[PDB]
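Each chain, letter by letter, is given below.
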Protein chains: 2
Amino acid sequence: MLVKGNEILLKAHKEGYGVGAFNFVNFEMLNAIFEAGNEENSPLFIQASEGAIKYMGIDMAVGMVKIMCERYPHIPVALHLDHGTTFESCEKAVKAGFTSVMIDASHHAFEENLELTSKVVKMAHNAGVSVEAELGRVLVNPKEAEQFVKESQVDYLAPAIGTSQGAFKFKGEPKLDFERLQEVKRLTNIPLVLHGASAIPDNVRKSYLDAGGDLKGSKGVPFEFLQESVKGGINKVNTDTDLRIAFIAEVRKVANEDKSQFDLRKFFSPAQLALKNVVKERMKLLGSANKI
Amino acid sequence: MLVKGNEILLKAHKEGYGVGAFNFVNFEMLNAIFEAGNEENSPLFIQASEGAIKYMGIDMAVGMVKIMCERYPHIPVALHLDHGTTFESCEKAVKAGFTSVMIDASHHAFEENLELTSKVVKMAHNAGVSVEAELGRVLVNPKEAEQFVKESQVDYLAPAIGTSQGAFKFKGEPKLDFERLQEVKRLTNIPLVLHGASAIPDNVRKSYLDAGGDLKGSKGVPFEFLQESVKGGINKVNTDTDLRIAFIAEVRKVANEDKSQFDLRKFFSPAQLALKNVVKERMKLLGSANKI
Ligand code: NA
Ligand code: NA
Ligand SMILES: [Zn+2]
Ligand SMILES: [Zn+2]
Ligand SMILES: [Zn+2]
Ligand SMILES: [Zn+2]
């Protein structure tokens, strides 16, 4: 059941748990994500960045997801455009079959962000698609978020509270503005989204370095911070970097330990398993396990 | 378009060229194979082994190919079950949407090979699907191939004339029994198939070794032997190993040269390019280029 994103996140919002939003760029990532949701009895947010869409072609992005949905028809799945940069990108996703779209205009001033988001909302809602937007870069102004949500009719909001994409989130100590998060939640009363929510667990780090990799003083969000975010009102947790490190760690490993290995399945089967286990543990941490 | 295997190979049979049959196991391989055919204006034989089908799941194997065919509707495409081992496996491929199936019973005596092949043919032909079979392991008996084709009504035949799967084809010197090939072709007058037809070209071996890989003194079929096979009557040229070596060569290269790289596209975009170039060259070598 491919469903509009709001169907999944309104439930998480009402019941106070978080739904991981897991990026993919090919079949091995998608397969591992679905198997995780199947084994944890967890709803799924599947995300594709504009770059991943260009890599796969939007027809294959939607095509593979729809195939996976028929394979696991009992799992609620939303297919979400991650960090859409233009109205036209969001519209193309809508037409291709995406059930959720994010328009990121947090770099514009409030008035232009609200205007562009409202335009996307009008377009997507007319097609039965949910919309995500972003406020803050500079942390979110809770009073701006209140008006933004009322004016735009956006389904969920990503408030900046101290996170950032990538493996290098903090060059000092991890800190998130939970008081700010709670204020936004109180004033907006909608599902909230956490961007840059990869944690880089110790076991995933160990596997990557044990394979000769280098994470350049990386630092992710601690598990207790993710747990505190969900308590504060986060319901969608964007997760990408964790999946990639776990995956490539195993590819590096196979390459190192057998120089005559060129069967793709021998590289990517252990890579899928490692990615899947990250997703499974994240679903348990966030509280979406056993929610189907 | 997605068409019966015989539609492609009968044309190649009557015109005297070879159509590469390229194996895939995931989206990256399929995409690079398709881009190769689009750029050479070549018909495509897309192959999936039973192992590949188990890895992808047959619904995804077919689903991805149909997406690709709609992306390049001008390219004749057959989707082929490579080395089917049971009737039931061939039957599942037929039901899933394969347009060509191979039943490999060449390890049985003639009567048992003929019986199992005839059963598959009856089922596949009833569903508008073409069938490949195999004779020889001792090399093919041409008079036996004659009666095998006449009795079974199989669409194309793989006669054993010296090749073998994998990168360890020739422990000594490459040698194919072209006289035996010509006799089979004279007596059967159908499209013929060459198994284990990877060449392991110099540039691909160079790339793999430079990436720290070990090929273990591998030896493929020389380009001259492949062209002579086509002249002798080979119309379908099974090619797998060359694609995987070229692909994994690039993967190994990205891992060696940047230990902090875990973006999957940075690994597989060059891998796709290398695989695509092998295919394009093979299409030109075999004579399928510019045949659409
Ligand atoms: Na997003
Ligand atoms: Na075959
Ligand atoms: Zn983000
Ligand atoms: Zn963001
Ligand atoms: Zn073979
Ligand atoms: Zn064979």
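Reading the values: the criteria
- Residues numbered from 1 in each chain as written, not as in the entry; some residues may be left out.
- Chains lettered and ligands numbered in written order.
- Heavy atoms only, no water.
- Donors = N, O, S within 2.8 Å, 3.2 Å for Na, K, Ca; no water.
- Helix = DSSP H or I, 4+ residues; strand = E, 2+ residues; numbered from the N terminus.
- Buried < 20%, exposed > 50% of the residue type's maximum accessible area, 1.4 Å probe, protein only.
- Core = buried A, V, L, I, M, F, W, Y, C linked by side-chain atoms within 4.5 Å.
- Contact = heavy atoms within 4.5 Å.
- Axes fitted to C-alpha atoms, helices over the stretch in contact; angles between N-to-C directions.
- Parallel < 35°, antiparallel > 145°, perpendicular 65-115°, else oblique.
- Left-handed = near helix turned anticlockwise from the far one by under 90°.
- Nonpolar A, V, L, I, M, F, W, Y, C, P; charged D, E, K, R; others polar.
- Least-squares fit on C-alpha atoms.
- Pairing = 2+ DSSP bridges.
- Salt bridge = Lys/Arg side-chain N within 4 Å of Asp/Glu carboxyl O.
- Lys, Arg positive; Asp, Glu negative; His and termini not counted.
- Polar contact = N/O pair within 3.5 Å; in protein donor to acceptor, adjacent residues only side chain to side chain.

- As summarised from the PDB record, the model derives from X-ray crystallography at a stated resolution of 1.775 Å.

Some words on the coordination of the zinc ion (ligand 6)
Residue and element names in this part refer to chain B.
Then step 1. Looking at the zinc ion (ligand 6), the protein donor atoms are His83 (NE2), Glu134 (OE), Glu134 (OE) and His195 (ND1), and they sit 2.5 to 2.8 Å from it.
Then step 2. Taken as a pair, the zinc ion (ligand 6) and the zinc ion (ligand 5) show a spacing of 3.8 Å. Remark: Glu134 occurs in strand β5 (residues 130-135) and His83 occurs in strand β3 (residues 77-84); sequence separation between them is 51 residues.
Then step 3. On the basis of relative accessible area, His83 is assigned to the partly exposed category, the value being 30%.

Describing the coordination of the sodium ion (ligand 2)
Residue and element names in this part refer to chain B.
Then step 1. Coordination of the sodium ion (ligand 2) by the protein comes from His80 (NE2), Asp82 (OD), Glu132 (OE) and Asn238 (ND2), over a distance range of 2.8 to 3.1 Å.
Then step 2. Between the sodium ion (ligand 2) and the zinc ion (ligand 5), a spacing of 5.6 Å is present. Like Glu132, the residue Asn238 is buried in the burial classification.

Here's the deal with the nonpolar core
Then step 1. Formed by 192 residues in total, the largest nonpolar core has its most connected members in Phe24, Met56 and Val101 of chain A together with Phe24, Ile46 and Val101 of chain B.
Then step 2. Among the elements that make up this core, the one with the highest residue count is helix α12 (residues 264-286) of chain B (11 residues).
Then step 3. Excluding residues that lie within four positions of it along the chain, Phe24 of chain A makes contacts with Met29, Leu30, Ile33, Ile46, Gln47, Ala48, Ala52, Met56, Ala61, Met64, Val65 and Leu79 of chain A.

Structural notes on the packing of helix α2 (residues 27-40) of chain B against α12 of chain B
Relative orientation and spacing of two packed helices are given, respectively, by the angle between their axes and the distance between those axes.
Residues and elements named next belong to chain B.
Then step 1. Orientation of α2 relative to α12, taken along the N-to-C sense of each, is 45°, at an axis distance of 8 Å. The pairing of α2 with α12 is recorded here as oblique in orientation. For the pair α2 and α12, the crossing hand works out as right-handed. Mapping the contact onto sequence places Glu28, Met29, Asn31, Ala32, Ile33, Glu35, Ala36, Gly37, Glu39 and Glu40 in α2 and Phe268, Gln272, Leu275, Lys276, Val279, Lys280, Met283 and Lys284 in α12.
Then step 2. Split into classes, the residues belonging to the contact of α2 with α12 amount to eight nonpolar, three polar and seven charged.

So, the relation of the copies chain B and chain A
Copies of the same chain, two in number, are related to each other by a rotation about an axis and a translation along it.
Then step 1. In screw terms, the move from chain B to chain A is a rotation of 180° and a rise of 0.0 Å along the axis, fitting with an RMSD of 0.2 Å. Taken together, these values place the two copies in the relation of a two-fold axis.
Then step 2. Counting the interface residues of chain B, we find that 100% of their copies in chain A are interface residues as well, pointing to one common contact surface.

Things to note about the pairing of strand β5 (residues 130-135) of chain A
Residue and element names in this part refer to chain A.
Then step 1. Buried residues dominate β5, accounting for six of its six residues.
Then step 2. Side-chain alternation along β5 places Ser130, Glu132 and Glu134 on one buried face and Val131, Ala133 and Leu135 on a second face that is also buried.
Then step 3. Taken together, the three bridges between strand β4 (residues 100-103) and β5 define a ladder with parallel strand orientation. When the sheet's bridge partners are listed, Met102 is paired in β5 with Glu132.

Side note on the pattern of salt bridges
Then step 1. In total, this model carries 32 salt bridges over all chains according to the counting rule given.
Then step 2. Salt-bridge contacts for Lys236 of chain B lead to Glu132 of chain B; the nearest nitrogen and oxygen are separated by 2.9 Å. Of the two residues examined, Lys236 of chain B and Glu132 of chain B, each falls in the buried class.
Then step 3. One salt bridge connects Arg180 of chain B with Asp177 of chain B, and the closest N-O pair in it is separated by 2.7 Å.
Then step 4. For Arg180 of chain B, a relative accessible area of 27% translates into the label partly exposed.
Then step 5. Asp177 of chain B sits in the partly exposed class, given a relative accessible area of 24%.
Then step 6. One continuous salt-bridge network, built from bridges that share partners, spans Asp263, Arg265 and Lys266 of chain A together with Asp240 and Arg244 of chain B.

Looking at the side chain of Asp82 of chain A
Residue and element names in this part refer to chain A.
Then step 1. When you line up the elements, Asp82 lands in strand β3 (residues 77-84).
Then step 2. The side chain of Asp82 is buried and forms no salt bridge, while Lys236, the nearest opposite charge, is found at 5.4 Å.
Then step 3. A polar atom in the side chain of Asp82 sits 3.0 Å from the side chain of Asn23.
Then step 4. At 2.7 Å, the side chain of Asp82 forms a polar contact with the side chain of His83.
Then step 5. Once residues lying within four places of it in the same chain are set aside, the contact partners of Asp82 are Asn23, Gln47, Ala48, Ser49, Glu50 and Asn238.

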